[PDB]
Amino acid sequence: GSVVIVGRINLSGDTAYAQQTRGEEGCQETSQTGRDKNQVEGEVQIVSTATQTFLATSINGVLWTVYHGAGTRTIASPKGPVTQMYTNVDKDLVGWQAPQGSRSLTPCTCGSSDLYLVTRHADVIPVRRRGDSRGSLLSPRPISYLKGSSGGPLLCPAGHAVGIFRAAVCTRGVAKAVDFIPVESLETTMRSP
(Lines of atoms letter the chains of each structure in order from A and count residues from 1; the text may use other names and numbers.)
(Lines give C-alpha, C1' and ligand atoms only; values in the text may rest on other atoms or scores of the structure.)
Protein backbone atom coordinates (compact mmCIF):
# COMPACT_ATOMS: atom_id res chain seq x y z
CA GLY A 1 0.00 0.00 0.00
CA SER A 2 1.24 3.50 -1.01
CA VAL A 3 1.42 6.61 1.17
CA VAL A 4 -1.36 9.09 0.09
CA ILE A 5 -1.34 12.93 0.06
CA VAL A 6 -4.58 14.09 1.82
CA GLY A 7 -3.80 17.79 2.30
CA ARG A 8 -1.19 20.52 2.09
CA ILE A 9 0.20 23.40 4.12
CA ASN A 10 1.13 26.57 2.28
CA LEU A 11 4.08 28.57 3.74
CA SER A 12 4.76 31.16 0.87
CA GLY A 13 2.19 33.93 1.50
CA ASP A 14 1.64 36.14 4.54
CA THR A 15 -0.59 33.36 6.15
CA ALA A 16 0.35 29.71 6.95
CA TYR A 17 -2.74 27.64 6.26
CA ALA A 18 -3.80 24.03 5.76
CA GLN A 19 -6.13 22.68 3.06
CA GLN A 20 -7.60 19.14 3.05
CA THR A 21 -7.77 17.61 -0.45
CA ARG A 22 -8.90 14.00 0.22
CA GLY A 23 -11.60 12.26 2.30
CA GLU A 24 -11.70 8.66 3.66
CA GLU A 25 -13.63 6.93 0.73
CA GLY A 26 -10.80 7.57 -1.77
CA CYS A 27 -7.65 7.05 0.39
CA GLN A 28 -7.94 3.17 0.49
CA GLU A 29 -8.44 2.67 -3.33
CA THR A 30 -5.66 5.23 -4.02
CA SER A 31 -3.40 3.36 -1.57
CA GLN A 32 -3.88 -0.06 -3.24
CA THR A 33 -3.39 1.24 -6.84
CA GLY A 34 -0.84 3.93 -5.97
CA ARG A 35 -2.60 6.07 -8.63
CA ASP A 36 -3.69 9.59 -7.47
CA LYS A 37 -4.55 12.08 -10.20
CA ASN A 38 -5.19 14.98 -7.69
CA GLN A 39 -3.10 18.15 -8.18
CA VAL A 40 -0.30 18.89 -5.70
CA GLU A 41 0.50 22.35 -4.19
CA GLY A 42 2.49 23.82 -1.27
CA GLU A 43 5.77 23.19 0.56
CA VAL A 44 4.33 20.67 3.11
CA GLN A 45 2.10 17.70 2.26
CA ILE A 46 -0.25 16.08 4.81
CA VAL A 47 0.13 12.37 4.19
CA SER A 48 -1.51 9.19 5.38
CA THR A 49 -1.00 5.42 5.55
CA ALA A 50 -3.64 2.74 6.54
CA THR A 51 -4.56 4.34 9.93
CA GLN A 52 -1.84 6.98 10.55
CA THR A 53 -1.36 10.56 9.30
CA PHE A 54 1.80 12.74 9.39
CA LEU A 55 3.70 15.40 7.39
CA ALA A 56 6.18 15.48 4.41
CA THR A 57 8.33 18.51 3.49
CA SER A 58 9.77 19.47 0.06
CA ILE A 59 13.50 20.56 0.23
CA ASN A 60 15.99 20.51 -2.76
CA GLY A 61 13.36 19.01 -5.05
CA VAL A 62 12.83 15.97 -2.77
CA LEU A 63 9.70 15.37 -0.65
CA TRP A 64 11.13 14.22 2.72
CA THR A 65 9.39 12.40 5.59
CA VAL A 66 10.08 10.16 8.61
CA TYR A 67 10.75 6.44 8.16
CA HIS A 68 8.72 5.75 11.38
CA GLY A 69 5.77 7.02 9.34
CA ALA A 70 6.35 5.97 5.73
CA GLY A 71 8.49 2.85 6.14
CA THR A 72 9.66 1.56 2.68
CA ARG A 73 6.39 2.54 0.98
CA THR A 74 5.92 4.07 -2.45
CA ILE A 75 3.86 7.31 -2.65
CA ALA A 76 0.66 7.54 -4.85
CA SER A 77 1.01 9.75 -8.01
CA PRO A 78 -0.83 10.41 -11.37
CA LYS A 79 1.41 7.92 -13.26
CA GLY A 80 1.34 5.27 -10.47
CA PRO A 81 3.33 4.40 -7.30
CA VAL A 82 6.65 6.32 -6.82
CA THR A 83 9.62 4.42 -5.26
CA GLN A 84 11.86 6.20 -2.70
CA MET A 85 15.06 7.94 -3.87
CA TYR A 86 16.47 8.04 -0.28
CA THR A 87 16.15 6.04 2.94
CA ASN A 88 18.20 6.30 6.10
CA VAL A 89 16.59 4.17 8.89
CA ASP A 90 19.29 5.37 11.39
CA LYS A 91 18.36 9.04 10.69
CA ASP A 92 14.59 8.13 10.48
CA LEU A 93 14.59 9.73 7.03
CA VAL A 94 12.81 8.79 3.76
CA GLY A 95 12.56 10.81 0.44
CA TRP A 96 10.82 10.66 -2.97
CA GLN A 97 11.30 13.00 -5.97
CA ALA A 98 8.98 15.98 -5.21
CA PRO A 99 5.56 15.79 -7.03
CA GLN A 100 4.76 18.40 -9.75
CA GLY A 101 3.37 21.55 -8.08
CA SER A 102 5.19 21.05 -4.77
CA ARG A 103 7.40 24.08 -4.07
CA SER A 104 10.69 23.37 -2.23
CA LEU A 105 11.82 25.26 0.86
CA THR A 106 15.34 26.83 0.88
CA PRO A 107 17.97 25.30 3.31
CA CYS A 108 18.82 27.89 6.03
CA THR A 109 22.37 29.39 6.01
CA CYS A 110 22.01 32.39 8.45
CA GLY A 111 22.58 30.09 11.49
CA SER A 112 19.64 31.47 13.52
CA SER A 113 18.90 30.19 17.08
CA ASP A 114 15.21 31.39 16.83
CA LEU A 115 13.22 28.60 15.14
CA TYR A 116 9.55 27.94 14.29
CA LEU A 117 7.94 24.48 14.20
CA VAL A 118 5.08 23.96 11.66
CA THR A 119 2.24 21.69 12.84
CA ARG A 120 -0.30 19.68 10.87
CA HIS A 121 -2.82 22.46 11.73
CA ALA A 122 -0.43 25.08 10.14
CA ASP A 123 0.10 26.49 13.64
CA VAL A 124 3.65 27.95 13.91
CA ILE A 125 5.32 27.23 17.31
CA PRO A 126 8.49 29.14 18.47
CA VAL A 127 11.51 26.99 19.33
CA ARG A 128 15.00 28.03 20.60
CA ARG A 129 17.96 26.04 19.14
CA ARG A 130 19.91 24.14 21.88
CA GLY A 131 22.27 22.10 19.68
CA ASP A 132 22.67 20.65 16.16
CA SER A 133 19.50 18.49 16.38
CA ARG A 134 17.64 19.91 19.46
CA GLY A 135 15.35 22.81 20.24
CA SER A 136 13.30 23.72 23.34
CA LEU A 137 9.67 24.89 23.10
CA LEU A 138 9.28 28.50 24.38
CA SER A 139 5.86 27.37 25.70
CA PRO A 140 5.75 23.62 26.65
CA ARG A 141 2.91 21.77 24.95
CA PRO A 142 1.33 18.39 25.84
CA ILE A 143 2.53 15.46 23.57
CA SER A 144 -1.05 15.05 22.25
CA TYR A 145 -0.71 18.41 20.42
CA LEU A 146 2.40 17.32 18.45
CA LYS A 147 1.15 13.89 17.34
CA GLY A 148 0.80 13.59 13.57
CA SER A 149 3.30 16.47 12.98
CA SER A 150 6.58 14.53 12.41
CA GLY A 151 8.05 15.07 8.92
CA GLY A 152 7.08 18.76 9.16
CA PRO A 153 9.62 21.65 9.01
CA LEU A 154 11.53 23.72 11.60
CA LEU A 155 11.91 27.16 10.00
CA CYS A 156 14.18 30.17 10.64
CA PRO A 157 12.59 33.73 10.92
CA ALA A 158 13.22 34.26 7.14
CA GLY A 159 11.17 31.09 6.41
CA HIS A 160 14.05 28.80 5.36
CA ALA A 161 14.30 25.08 6.35
CA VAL A 162 16.47 24.34 9.41
CA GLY A 163 15.31 20.76 9.98
CA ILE A 164 12.60 18.08 9.82
CA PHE A 165 10.63 17.39 13.03
CA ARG A 166 11.41 13.78 14.07
CA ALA A 167 10.82 13.31 17.85
CA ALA A 168 9.74 15.02 21.06
CA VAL A 169 11.61 15.22 24.40
CA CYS A 170 8.69 14.23 26.63
CA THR A 171 8.33 14.41 30.39
CA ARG A 172 5.05 13.11 31.92
CA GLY A 173 2.94 13.84 28.77
CA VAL A 174 4.55 17.29 28.19
CA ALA A 175 6.86 18.10 25.24
CA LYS A 176 9.57 20.43 26.54
CA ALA A 177 11.82 20.09 23.48
CA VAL A 178 11.97 18.67 19.96
CA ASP A 179 14.50 16.56 18.08
CA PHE A 180 14.97 17.28 14.39
CA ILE A 181 16.97 16.03 11.36
CA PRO A 182 19.22 19.09 10.49
CA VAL A 183 18.98 20.26 6.85
CA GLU A 184 22.84 19.57 6.52
CA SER A 185 21.97 15.83 7.21
CA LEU A 186 19.51 15.85 4.20
CA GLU A 187 22.28 17.32 1.96
CA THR A 188 24.70 14.53 3.04
CA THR A 189 21.95 11.95 2.21
CA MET A 190 21.49 13.38 -1.35
CA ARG A 191 25.30 13.31 -1.97
CA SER A 192 26.15 9.78 -0.67
CA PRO A 193 25.55 6.43 -2.54
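So that there is no doubt, residue numbering starts at 1 and follows the sequence shown.
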- Tell me which of 115-123 and 67-75 has the higher mean C-alpha B-factor in the deposited entry. 115-123
- On average, which has the higher Cα B-factor in the deposited entry, 30-38 or 144-152? 30-38
- Message: Quiz for you: based on the deposited Cα B-factor, which of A50, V162, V62, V44 is highest?
- Response: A50
- Query: If you rank every modelled residue in this chain by C-alpha B factor, which third holds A98: lowest, middle or highest?
  - Reply: middle
- What third of the chain, by the recorded C-alpha B-factor, contains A177? middle
- Task: Would you check the entry's CA temperature factor for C170 and let me know if it's in the chain's lowest, middle or highest third?
- Result: highest
- For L55, the third of its chain into which the C-alpha B factor falls: lowest
- Consider only the C-alpha atoms of the modelled residues in this chain, order them by B-factor as the entry records it, and name the third containing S12: lowest, middle or highest. highest
